[PDB]
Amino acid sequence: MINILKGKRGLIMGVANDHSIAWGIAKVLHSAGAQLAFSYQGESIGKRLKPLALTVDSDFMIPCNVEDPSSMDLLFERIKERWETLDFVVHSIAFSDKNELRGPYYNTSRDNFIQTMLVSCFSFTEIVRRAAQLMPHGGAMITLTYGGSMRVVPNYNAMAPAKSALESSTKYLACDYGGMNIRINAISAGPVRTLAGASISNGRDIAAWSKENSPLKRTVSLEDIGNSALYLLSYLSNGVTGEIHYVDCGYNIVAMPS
């Protein structure tokens, strides 16, 4: 039905388990023809990733700590052992100390702010600038964000400035690389049920509120995000760059409950 990534290959970052946004995206991209490589943040994740990657015809899995520039250098050296070029990158990496994603934003620690900034924001710049070197004929990349970046979500705390910075960087990178025909966009996802509850202390409440008050009366699925990614990483979105694209079932447009 759709094979618009036939012959294409790319890197998926951020798979932790079968409920990860990065995994939902990977399944859709592979279904459209893409060959996939995966980073993984640790062995316990790597163990879950192996059987998943096999279901998308991949055994290309590379350990990487995105807080460490040398680790990211090594990631791309490993990619190049097999692939001279890349067509796309998916960056779906959200991290902060979850114990600080509770209570007022002002209690955010300097150390958590720095680490959250490096992992949730700057790692996209690090990854993009390495990957662009493998795109001599252009390509496309996405990162993931959330509307809590510039409207206030309780407990989201350190993740908010991080995601706002990430959105800003997405636009600057789109401008840096547009002349090379590399497009750079972000998906601003809504909360995904089950994932949300695991990701932050009030996640279940955030997802429930979002479902009850979105125009479509449902939360976004992993498959919806994957399909939006397929759009943003394929020729279908040839006219689109630097876009913060809401895939949140319309939640963002609602001013107050009906």
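Quick note: we count residues from 1 along the sequence shown, nothing fancier.
Comparing 208 to 216 with 186 to 194, which stretch shows the greater average C-alpha B-factor in the deposited entry?
It is 208 to 216 that shows the higher mean C-alpha B-factor.
Please work out which of 154 to 162 and 130 to 138 has the higher mean CA B-factor as recorded in the PDB entry.
Stretch with the greater average CA B-factor: 130 to 138.
By the entry's C-alpha temperature factors, tell me which of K80, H91, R110, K171 sits highest.
Each of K80, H91, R110, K171 was compared by C-alpha B-factor; the highest is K80.
Taking the values straight from the PDB record, which of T125, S149, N99, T116 has the highest C-alpha temperature factor?
Comparing C-alpha B-factors across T125, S149, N99, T116, the maximum falls on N99.
Relative to the other modelled residues of the same chain, rank the CA B-factor of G203 and answer lowest, middle or highest third.
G203: CA B-factor falls in the middle third of its chain.
Relative to the other modelled residues in the chain, which third contains the C-alpha temperature factor of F76: lowest, middle or highest?
Its C-alpha B-factor, which the entry lists for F76, ranks in the highest third among residues of this chain.
Considering only modelled residues of the same chain, in which third does the CA B-factor of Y235 rank: lowest, middle or highest?
Top third by C-alpha B-factor.
So where's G42 on the chain's Cα temperature factor ranking, which third?
Tercile = highest for this residue's CA B-factor.
Sorting the chain's CA B-factors, does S70 end up in the lowest, middle or highest third?
As the PDB entry reports it, the C-alpha B-factor of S70 lands in the highest third of its chain.
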